[PDB]
$ cat work-v3.tsv   # TSV, N, CA and C atoms and all ligand atoms
chain	number	residue	atom	x	y	z
A	1	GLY	N	-110.29	-57.34	2.19
A	1	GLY	CA	-109.20	-57.86	1.32
A	1	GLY	C	-108.19	-56.77	1.00
A	2	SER	N	-107.21	-57.11	0.16
A	2	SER	CA	-106.19	-56.14	-0.24
A	2	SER	C	-106.25	-55.86	-1.73
A	3	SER	N	-107.45	-55.92	-2.29
A	3	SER	CA	-107.64	-55.63	-3.71
A	3	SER	C	-108.22	-54.23	-3.72
A	4	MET	N	-108.38	-53.66	-4.91
A	4	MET	CA	-108.97	-52.33	-4.99
A	4	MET	C	-110.40	-52.46	-4.49
A	5	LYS	N	-110.93	-51.36	-3.97
A	5	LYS	CA	-112.28	-51.35	-3.44
A	5	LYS	C	-113.07	-50.21	-4.07
A	6	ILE	N	-114.39	-50.31	-4.01
A	6	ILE	CA	-115.26	-49.28	-4.54
A	6	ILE	C	-116.41	-49.12	-3.57
A	7	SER	N	-116.81	-47.88	-3.30
A	7	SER	CA	-117.90	-47.64	-2.38
A	7	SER	C	-119.22	-47.94	-3.07
A	8	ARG	N	-120.19	-48.44	-2.31
A	8	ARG	CA	-121.50	-48.74	-2.87
A	8	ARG	C	-122.11	-47.44	-3.36
A	9	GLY	N	-121.76	-46.34	-2.70
A	9	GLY	CA	-122.28	-45.04	-3.08
A	9	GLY	C	-121.82	-44.63	-4.46
A	10	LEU	N	-120.57	-44.93	-4.79
A	10	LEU	CA	-120.04	-44.58	-6.10
A	10	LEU	C	-120.67	-45.45	-7.19
A	11	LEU	N	-120.89	-46.73	-6.88
A	11	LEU	CA	-121.50	-47.63	-7.85
A	11	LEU	C	-122.90	-47.15	-8.18
A	12	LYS	N	-123.64	-46.71	-7.16
A	12	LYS	CA	-124.98	-46.21	-7.37
A	12	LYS	C	-124.92	-44.97	-8.25
A	13	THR	N	-123.98	-44.08	-7.95
A	13	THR	CA	-123.81	-42.86	-8.72
A	13	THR	C	-123.50	-43.19	-10.17
A	14	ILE	N	-122.60	-44.14	-10.37
A	14	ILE	CA	-122.21	-44.55	-11.72
A	14	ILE	C	-123.39	-45.13	-12.50
A	15	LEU	N	-124.09	-46.08	-11.89
A	15	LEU	CA	-125.23	-46.71	-12.56
A	15	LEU	C	-126.35	-45.72	-12.87
A	16	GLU	N	-126.55	-44.74	-12.00
A	16	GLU	CA	-127.59	-43.75	-12.24
A	16	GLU	C	-127.15	-42.78	-13.34
A	17	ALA	N	-125.85	-42.54	-13.43
A	17	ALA	CA	-125.30	-41.65	-14.45
A	17	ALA	C	-125.43	-42.33	-15.81
A	18	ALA	N	-125.23	-43.65	-15.82
A	18	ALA	CA	-125.34	-44.43	-17.04
A	18	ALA	C	-126.79	-44.42	-17.51
A	19	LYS	N	-127.71	-44.62	-16.58
A	19	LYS	CA	-129.13	-44.62	-16.91
A	19	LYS	C	-129.50	-43.27	-17.50
A	20	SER	N	-129.00	-42.20	-16.90
A	20	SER	CA	-129.29	-40.85	-17.37
A	20	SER	C	-128.67	-40.58	-18.73
A	21	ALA	N	-127.52	-41.20	-18.99
A	21	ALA	CA	-126.83	-41.02	-20.26
A	21	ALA	C	-127.41	-41.83	-21.42
A	22	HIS	N	-128.00	-42.99	-21.11
A	22	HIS	CA	-128.56	-43.86	-22.14
A	22	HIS	C	-129.31	-43.08	-23.22
A	23	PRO	N	-129.10	-43.43	-24.50
A	23	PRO	CA	-128.25	-44.49	-25.04
A	23	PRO	C	-126.79	-44.12	-25.29
A	24	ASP	N	-126.38	-42.93	-24.85
A	24	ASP	CA	-125.00	-42.53	-25.03
A	24	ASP	C	-124.13	-43.26	-24.02
A	25	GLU	N	-122.83	-43.26	-24.25
A	25	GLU	CA	-121.91	-43.91	-23.33
A	25	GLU	C	-121.34	-42.93	-22.34
A	26	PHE	N	-121.76	-43.08	-21.09
A	26	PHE	CA	-121.26	-42.25	-20.01
A	26	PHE	C	-119.81	-42.67	-19.81
A	27	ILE	N	-118.96	-41.72	-19.45
A	27	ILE	CA	-117.57	-42.05	-19.18
A	27	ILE	C	-117.04	-41.05	-18.16
A	28	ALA	N	-116.17	-41.54	-17.29
A	28	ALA	CA	-115.56	-40.71	-16.26
A	28	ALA	C	-114.31	-41.40	-15.75
A	29	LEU	N	-113.52	-40.67	-14.97
A	29	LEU	CA	-112.31	-41.24	-14.39
A	29	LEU	C	-112.64	-41.62	-12.96
A	30	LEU	N	-112.18	-42.80	-12.55
A	30	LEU	CA	-112.40	-43.28	-11.20
A	30	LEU	C	-111.34	-42.65	-10.31
A	31	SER	N	-111.75	-42.08	-9.18
A	31	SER	CA	-110.79	-41.45	-8.29
A	31	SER	C	-111.10	-41.67	-6.81
A	32	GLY	N	-110.20	-41.16	-5.97
A	32	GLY	CA	-110.36	-41.30	-4.53
A	32	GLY	C	-108.99	-41.42	-3.89
A	33	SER	N	-108.97	-41.67	-2.58
A	33	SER	CA	-107.70	-41.81	-1.87
A	33	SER	C	-107.54	-43.22	-1.32
A	34	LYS	N	-106.39	-43.48	-0.71
A	34	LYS	CA	-106.10	-44.78	-0.14
A	34	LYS	C	-106.29	-45.90	-1.16
A	35	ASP	N	-107.21	-46.82	-0.88
A	35	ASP	CA	-107.46	-47.94	-1.77
A	35	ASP	C	-108.95	-48.09	-2.06
A	36	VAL	N	-109.67	-46.98	-2.06
A	36	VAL	CA	-111.11	-47.02	-2.32
A	36	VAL	C	-111.55	-46.02	-3.38
A	37	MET	N	-112.25	-46.53	-4.39
A	37	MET	CA	-112.78	-45.68	-5.45
A	37	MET	C	-114.06	-45.10	-4.86
A	38	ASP	N	-114.11	-43.78	-4.67
A	38	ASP	CA	-115.31	-43.17	-4.11
A	38	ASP	C	-115.59	-41.78	-4.68
A	39	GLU	N	-114.87	-41.42	-5.73
A	39	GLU	CA	-115.04	-40.13	-6.38
A	39	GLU	C	-114.97	-40.29	-7.89
A	40	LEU	N	-115.53	-39.33	-8.61
A	40	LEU	CA	-115.51	-39.37	-10.06
A	40	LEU	C	-115.04	-38.06	-10.66
A	41	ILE	N	-114.22	-38.17	-11.70
A	41	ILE	CA	-113.74	-37.00	-12.43
A	41	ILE	C	-114.61	-37.07	-13.68
A	42	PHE	N	-115.63	-36.22	-13.74
A	42	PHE	CA	-116.53	-36.24	-14.89
A	42	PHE	C	-115.89	-35.77	-16.18
A	43	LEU	N	-116.29	-36.41	-17.28
A	43	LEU	CA	-115.78	-36.09	-18.60
A	43	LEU	C	-116.93	-35.71	-19.54
A	44	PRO	N	-116.67	-34.77	-20.47
A	44	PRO	CA	-117.67	-34.29	-21.44
A	44	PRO	C	-118.03	-35.27	-22.55
A	45	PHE	N	-118.77	-36.33	-22.21
A	45	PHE	CA	-119.16	-37.33	-23.20
A	45	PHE	C	-120.37	-36.88	-24.01
A	46	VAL	N	-121.16	-35.96	-23.46
A	46	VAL	CA	-122.33	-35.46	-24.17
A	46	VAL	C	-121.87	-34.59	-25.34
A	47	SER	N	-122.58	-34.71	-26.46
A	47	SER	CA	-122.25	-33.94	-27.65
A	47	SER	C	-122.34	-32.44	-27.39
A	61	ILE	N	-105.83	-33.65	-0.37
A	61	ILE	CA	-104.60	-34.36	-0.70
A	61	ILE	C	-104.81	-35.87	-0.68
A	62	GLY	N	-104.02	-36.58	-1.48
A	62	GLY	CA	-104.14	-38.03	-1.54
A	62	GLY	C	-104.89	-38.52	-2.76
A	63	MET	N	-105.61	-37.62	-3.42
A	63	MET	CA	-106.38	-37.96	-4.60
A	63	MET	C	-105.55	-38.66	-5.67
A	64	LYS	N	-106.15	-39.67	-6.30
A	64	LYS	CA	-105.48	-40.43	-7.35
A	64	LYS	C	-106.48	-40.91	-8.40
A	65	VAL	N	-106.00	-41.15	-9.61
A	65	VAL	CA	-106.85	-41.63	-10.70
A	65	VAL	C	-106.64	-43.13	-10.85
A	66	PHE	N	-107.63	-43.91	-10.43
A	66	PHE	CA	-107.54	-45.36	-10.50
A	66	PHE	C	-107.77	-45.90	-11.90
A	67	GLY	N	-108.48	-45.13	-12.73
A	67	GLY	CA	-108.75	-45.59	-14.07
A	67	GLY	C	-109.98	-44.94	-14.66
A	68	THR	N	-110.73	-45.71	-15.43
A	68	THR	CA	-111.92	-45.19	-16.07
A	68	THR	C	-113.14	-46.07	-15.87
A	69	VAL	N	-114.30	-45.48	-16.13
A	69	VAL	CA	-115.55	-46.20	-16.05
A	69	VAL	C	-116.40	-45.66	-17.20
A	70	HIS	N	-117.00	-46.57	-17.96
A	70	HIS	CA	-117.88	-46.13	-19.05
A	70	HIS	C	-119.02	-47.12	-19.18
A	71	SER	N	-120.10	-46.68	-19.80
A	71	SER	CA	-121.27	-47.53	-19.96
A	71	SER	C	-121.51	-48.00	-21.39
A	72	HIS	N	-122.23	-49.12	-21.49
A	72	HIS	CA	-122.61	-49.71	-22.77
A	72	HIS	C	-124.14	-49.71	-22.81
A	73	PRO	N	-124.72	-49.15	-23.88
A	73	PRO	CA	-126.18	-49.10	-24.02
A	73	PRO	C	-126.77	-50.46	-24.39
A	74	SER	N	-125.90	-51.39	-24.76
A	74	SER	CA	-126.33	-52.74	-25.09
A	74	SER	C	-126.14	-53.56	-23.81
A	75	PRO	N	-126.76	-54.74	-23.73
A	75	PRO	CA	-126.63	-55.57	-22.52
A	75	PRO	C	-125.30	-56.32	-22.33
A	76	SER	N	-124.21	-55.79	-22.87
A	76	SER	CA	-122.91	-56.44	-22.74
A	76	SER	C	-121.93	-55.61	-21.91
A	77	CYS	N	-121.39	-56.22	-20.86
A	77	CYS	CA	-120.42	-55.53	-20.02
A	77	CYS	C	-119.01	-56.01	-20.35
A	78	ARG	N	-118.88	-56.68	-21.49
A	78	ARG	CA	-117.59	-57.19	-21.93
A	78	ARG	C	-116.86	-56.09	-22.70
A	79	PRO	N	-115.53	-56.06	-22.63
A	79	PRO	CA	-114.77	-55.03	-23.35
A	79	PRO	C	-114.52	-55.40	-24.80
A	80	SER	N	-114.43	-54.39	-25.65
A	80	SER	CA	-114.15	-54.59	-27.06
A	80	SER	C	-112.66	-54.32	-27.24
A	81	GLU	N	-112.16	-54.48	-28.46
A	81	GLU	CA	-110.75	-54.22	-28.73
A	81	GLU	C	-110.49	-52.74	-28.46
A	82	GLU	N	-111.46	-51.90	-28.81
A	82	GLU	CA	-111.34	-50.46	-28.59
A	82	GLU	C	-111.19	-50.17	-27.11
A	83	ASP	N	-111.96	-50.86	-26.28
A	83	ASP	CA	-111.88	-50.65	-24.84
A	83	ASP	C	-110.49	-51.01	-24.33
A	84	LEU	N	-109.95	-52.11	-24.82
A	84	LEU	CA	-108.62	-52.53	-24.39
A	84	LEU	C	-107.60	-51.44	-24.66
A	85	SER	N	-107.73	-50.74	-25.79
A	85	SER	CA	-106.79	-49.67	-26.11
A	85	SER	C	-106.97	-48.49	-25.15
A	86	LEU	N	-108.18	-48.31	-24.65
A	86	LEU	CA	-108.47	-47.24	-23.70
A	86	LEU	C	-107.85	-47.61	-22.34
A	87	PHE	N	-108.05	-48.86	-21.94
A	87	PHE	CA	-107.54	-49.36	-20.66
A	87	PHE	C	-106.02	-49.23	-20.53
A	88	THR	N	-105.30	-49.46	-21.62
A	88	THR	CA	-103.84	-49.40	-21.60
A	88	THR	C	-103.23	-48.00	-21.54
A	89	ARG	N	-103.98	-46.99	-21.95
A	89	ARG	CA	-103.46	-45.62	-21.97
A	89	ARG	C	-103.11	-45.04	-20.60
A	90	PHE	N	-103.92	-45.34	-19.60
A	90	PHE	CA	-103.67	-44.85	-18.25
A	90	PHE	C	-104.64	-45.50	-17.28
A	91	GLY	N	-104.26	-45.54	-16.01
A	91	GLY	CA	-105.13	-46.13	-15.01
A	91	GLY	C	-104.97	-47.63	-14.87
A	92	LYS	N	-105.09	-48.08	-13.63
A	92	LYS	CA	-104.96	-49.49	-13.30
A	92	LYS	C	-106.27	-50.26	-13.44
A	93	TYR	N	-107.38	-49.62	-13.10
A	93	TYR	CA	-108.68	-50.28	-13.14
A	93	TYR	C	-109.67	-49.61	-14.07
A	94	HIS	N	-110.49	-50.43	-14.72
A	94	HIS	CA	-111.48	-49.92	-15.65
A	94	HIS	C	-112.80	-50.67	-15.54
A	95	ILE	N	-113.84	-49.93	-15.17
A	95	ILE	CA	-115.17	-50.51	-15.01
A	95	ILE	C	-116.06	-50.27	-16.23
A	96	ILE	N	-116.85	-51.28	-16.56
A	96	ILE	CA	-117.82	-51.16	-17.64
A	96	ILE	C	-119.16	-51.50	-17.02
A	97	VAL	N	-120.15	-50.63	-17.21
A	97	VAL	CA	-121.49	-50.89	-16.71
A	97	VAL	C	-122.30	-51.04	-17.99
A	98	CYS	N	-123.38	-51.80	-17.93
A	98	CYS	CA	-124.17	-52.04	-19.13
A	98	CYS	C	-125.67	-52.08	-18.85
A	99	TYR	N	-126.44	-51.89	-19.91
A	99	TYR	CA	-127.90	-51.92	-19.83
A	99	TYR	C	-128.28	-53.27	-19.21
A	100	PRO	N	-129.33	-53.31	-18.37
A	100	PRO	CA	-130.25	-52.27	-17.89
A	100	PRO	C	-129.72	-51.42	-16.73
A	101	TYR	N	-128.43	-51.53	-16.45
A	101	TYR	CA	-127.80	-50.76	-15.39
A	101	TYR	C	-128.32	-51.09	-14.00
A	102	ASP	N	-128.62	-52.36	-13.76
A	102	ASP	CA	-129.10	-52.77	-12.44
A	102	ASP	C	-127.90	-52.86	-11.51
A	103	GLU	N	-128.17	-53.05	-10.22
A	103	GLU	CA	-127.13	-53.13	-9.20
A	103	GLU	C	-125.91	-53.99	-9.55
A	104	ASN	N	-126.12	-55.06	-10.31
A	104	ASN	CA	-125.02	-55.95	-10.67
A	104	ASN	C	-124.60	-55.87	-12.13
A	105	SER	N	-125.05	-54.83	-12.82
A	105	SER	CA	-124.72	-54.65	-14.23
A	105	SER	C	-123.38	-53.94	-14.42
A	106	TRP	N	-122.32	-54.51	-13.84
A	106	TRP	CA	-121.00	-53.92	-13.95
A	106	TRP	C	-119.90	-54.96	-13.78
A	107	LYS	N	-118.74	-54.67	-14.37
A	107	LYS	CA	-117.57	-55.54	-14.28
A	107	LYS	C	-116.33	-54.65	-14.31
A	108	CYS	N	-115.26	-55.10	-13.65
A	108	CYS	CA	-114.02	-54.33	-13.62
A	108	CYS	C	-112.90	-55.11	-14.30
A	109	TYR	N	-112.01	-54.38	-14.96
A	109	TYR	CA	-110.89	-54.97	-15.68
A	109	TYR	C	-109.60	-54.22	-15.35
A	110	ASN	N	-108.46	-54.88	-15.57
A	110	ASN	CA	-107.18	-54.24	-15.31
A	110	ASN	C	-106.70	-53.52	-16.57
A	111	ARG	N	-105.50	-52.95	-16.52
A	111	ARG	CA	-104.96	-52.21	-17.66
A	111	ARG	C	-104.79	-53.08	-18.90
A	112	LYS	N	-104.88	-54.40	-18.72
A	112	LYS	CA	-104.72	-55.34	-19.83
A	112	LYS	C	-106.02	-55.96	-20.33
A	113	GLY	N	-107.15	-55.55	-19.75
A	113	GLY	CA	-108.43	-56.09	-20.18
A	113	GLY	C	-108.88	-57.37	-19.51
A	114	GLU	N	-108.18	-57.77	-18.46
A	114	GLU	CA	-108.53	-58.98	-17.73
A	114	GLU	C	-109.48	-58.61	-16.59
A	115	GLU	N	-110.53	-59.41	-16.39
A	115	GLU	CA	-111.48	-59.12	-15.33
A	115	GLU	C	-110.85	-59.29	-13.96
A	116	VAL	N	-111.05	-58.30	-13.10
A	116	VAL	CA	-110.50	-58.34	-11.75
A	116	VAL	C	-111.60	-57.98	-10.76
A	117	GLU	N	-111.40	-58.32	-9.49
A	117	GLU	CA	-112.40	-58.03	-8.48
A	117	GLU	C	-112.28	-56.63	-7.89
A	118	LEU	N	-113.40	-56.15	-7.36
A	118	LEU	CA	-113.47	-54.88	-6.67
A	118	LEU	C	-114.29	-55.20	-5.44
A	119	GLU	N	-113.73	-55.00	-4.26
A	119	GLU	CA	-114.49	-55.27	-3.05
A	119	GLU	C	-115.39	-54.07	-2.80
A	120	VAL	N	-116.69	-54.31	-2.72
A	120	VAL	CA	-117.63	-53.23	-2.48
A	120	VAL	C	-117.68	-52.95	-0.98
A	121	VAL	N	-117.42	-51.71	-0.60
A	121	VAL	CA	-117.43	-51.32	0.80
A	121	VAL	C	-118.45	-50.22	1.08
A	201	ZN	ZN	-116.80	-50.15	-24.28
$ encode --input "work-v3.tsv" --output "structure tokens" --more "lines below"
Ligand SMILES: [Zn+2]
Amino acid sequence: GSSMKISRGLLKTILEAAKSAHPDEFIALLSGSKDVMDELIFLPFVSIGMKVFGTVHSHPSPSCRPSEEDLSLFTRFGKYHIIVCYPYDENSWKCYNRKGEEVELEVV
């Protein structure tokens, strides 16, 4: 398709990072080249061609839905924003646009 894409490898990395971070909220910037998210810009959440597609963060609760706070984060920068949630299984994730609307990510 012609929508944003994400590598299965990055999803695995993200979900494992979330599991490792639990119960804290893991957060990082989604990056890569062309039209595929396949790299991460790690951020201190614990107490050529490269581009920043947006952000990804985890929820320690079983909800992958965004809060009002998340919407304010999504609007600051980046086109895409992923939220992963407990139990962090293969399908425990959802992607949203800069406005908080759920959008697709083709897994490649
Ligand atoms: Zn959130």
$ residues_around --input "work-v3.tsv" --residues "residue 23 (chain A)" --least-positions-apart "6" --cutoff "8 Å" --atoms "all atoms listed in the file" --output "list in words"
residues 71, 72, 73 and 74 of chain A
$ atom_distance --input "work-v3.tsv" --atom1 "CA of residue 24 (chain A)" --atom2 "CA of residue 97 (chain A)"
12.3 Å
$ residues_around --input "work-v3.tsv" --residues "region 36-65 of chain A" --least-positions-apart "4" --cutoff "6.5 Å" --atoms "only N, CA and C atoms" --output "number ranges by chain"
A: 4-7, 10, 25-32, 91-92
$ write_last_selection --input "work-v3.tsv" --atoms "N, CA and C atoms" --output "PDB file, in the frame of the given file"
ATOM      1  N   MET A   4    -108.380 -53.660  -4.910  1.00  0.00           N
ATOM      2  CA  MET A   4    -108.970 -52.330  -4.990  1.00  0.00           C
ATOM      3  C   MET A   4    -110.400 -52.460  -4.490  1.00  0.00           C
ATOM      4  N   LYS A   5    -110.930 -51.360  -3.970  1.00  0.00           N
ATOM      5  CA  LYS A   5    -112.280 -51.350  -3.440  1.00  0.00           C
ATOM      6  C   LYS A   5    -113.070 -50.210  -4.070  1.00  0.00           C
ATOM      7  N   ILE A   6    -114.390 -50.310  -4.010  1.00  0.00           N
ATOM      8  CA  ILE A   6    -115.260 -49.280  -4.540  1.00  0.00           C
ATOM      9  C   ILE A   6    -116.410 -49.120  -3.570  1.00  0.00           C
ATOM     10  N   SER A   7    -116.810 -47.880  -3.300  1.00  0.00           N
ATOM     11  CA  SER A   7    -117.900 -47.640  -2.380  1.00  0.00           C
ATOM     12  C   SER A   7    -119.220 -47.940  -3.070  1.00  0.00           C
ATOM     13  N   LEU A  10    -120.570 -44.930  -4.790  1.00  0.00           N
ATOM     14  CA  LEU A  10    -120.040 -44.580  -6.100  1.00  0.00           C
ATOM     15  C   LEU A  10    -120.670 -45.450  -7.190  1.00  0.00           C
ATOM     16  N   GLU A  25    -122.830 -43.260 -24.250  1.00  0.00           N
ATOM     17  CA  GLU A  25    -121.910 -43.910 -23.330  1.00  0.00           C
ATOM     18  C   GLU A  25    -121.340 -42.930 -22.340  1.00  0.00           C
ATOM     19  N   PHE A  26    -121.760 -43.080 -21.090  1.00  0.00           N
ATOM     20  CA  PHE A  26    -121.260 -42.250 -20.010  1.00  0.00           C
ATOM     21  C   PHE A  26    -119.810 -42.670 -19.810  1.00  0.00           C
ATOM     22  N   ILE A  27    -118.960 -41.720 -19.450  1.00  0.00           N
ATOM     23  CA  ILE A  27    -117.570 -42.050 -19.180  1.00  0.00           C
ATOM     24  C   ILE A  27    -117.040 -41.050 -18.160  1.00  0.00           C
ATOM     25  N   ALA A  28    -116.170 -41.540 -17.290  1.00  0.00           N
ATOM     26  CA  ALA A  28    -115.560 -40.710 -16.260  1.00  0.00           C
ATOM     27  C   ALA A  28    -114.310 -41.400 -15.750  1.00  0.00           C
ATOM     28  N   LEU A  29    -113.520 -40.670 -14.970  1.00  0.00           N
ATOM     29  CA  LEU A  29    -112.310 -41.240 -14.390  1.00  0.00           C
ATOM     30  C   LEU A  29    -112.640 -41.620 -12.960  1.00  0.00           C
ATOM     31  N   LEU A  30    -112.180 -42.800 -12.550  1.00  0.00           N
ATOM     32  CA  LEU A  30    -112.400 -43.280 -11.200  1.00  0.00           C
ATOM     33  C   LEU A  30    -111.340 -42.650 -10.310  1.00  0.00           C
ATOM     34  N   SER A  31    -111.750 -42.080  -9.180  1.00  0.00           N
ATOM     35  CA  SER A  31    -110.790 -41.450  -8.290  1.00  0.00           C
ATOM     36  C   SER A  31    -111.100 -41.670  -6.810  1.00  0.00           C
ATOM     37  N   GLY A  32    -110.200 -41.160  -5.970  1.00  0.00           N
ATOM     38  CA  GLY A  32    -110.360 -41.300  -4.530  1.00  0.00           C
ATOM     39  C   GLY A  32    -108.990 -41.420  -3.890  1.00  0.00           C
ATOM     40  N   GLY A  91    -104.260 -45.540 -16.010  1.00  0.00           N
ATOM     41  CA  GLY A  91    -105.130 -46.130 -15.010  1.00  0.00           C
ATOM     42  C   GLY A  91    -104.970 -47.630 -14.870  1.00  0.00           C
ATOM     43  N   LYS A  92    -105.090 -48.080 -13.630  1.00  0.00           N
ATOM     44  CA  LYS A  92    -104.960 -49.490 -13.300  1.00  0.00           C
ATOM     45  C   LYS A  92    -106.270 -50.260 -13.440  1.00  0.00           C
TER      46      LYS A  92
END
$ select_by_dssp --input "work-v3.tsv" --residues "region 20-112 of chain A" --states "strand (DSSP E)" --output "ChimeraX atom specification"
/A:27-32,36-37,39-42,64-72,93-98,106-110
$ closest_residue --input "work-v3.tsv" --among "A:99, A:83, A:112, A:94" --to "ligand ZN 201 (chain A)" --atoms "all atoms listed in the file"
A:83
$ residues_near_ligand --input "work-v3.tsv" --ligand "ligand ZN 201 (chain A)" --cutoff "8 Å" --atoms "only C-alpha atoms and all ligand atoms" --output "ChimeraX atom specification"
/A:70-72,77-80,82-83,96
$ residues_around --input "work-v3.tsv" --residues "region 12-15 of chain A" --least-positions-apart "5" --cutoff "8 Å" --atoms "only C-alpha atoms" --output "number ranges by chain"
A: 97, 101-103
$ select_by_dssp --input "work-v3.tsv" --residues "chain A" --states "alpha helix (DSSP H)" --output "list in words"
residues 8, 9, 10, 11, 12, 13, 14, 15, 16, 17, 18, 19, 20, 21, 81, 82, 83, 84, 85, 86, 87, 88 and 89 of chain A
$ closest_residue --input "work-v3.tsv" --among "A:75, A:18, A:69, A:111" --to "residue 88 (chain A)" --atoms "only C-alpha atoms"
A:111
$ atom_distance --input "work-v3.tsv" --atom1 "CA of residue 81 (chain A)" --atom2 "CA of residue 11 (chain A)"
24.4 Å
$ atom_distance --input "work-v3.tsv" --atom1 "atom C of residue 98 (chain A)" --atom2 "atom N of residue 118 (chain A)"
17.3 Å
$ closest_residue --input "work-v3.tsv" --among "A:115, A:66, A:84, A:120" --to "residue 9 (chain A)" --atoms "all atoms listed in the file"
A:120
$ closest_residue --input "work-v3.tsv" --among "A:114, A:93, A:105, A:21" --to "residue 76 (chain A)" --atoms "all atoms listed in the file"
A:105
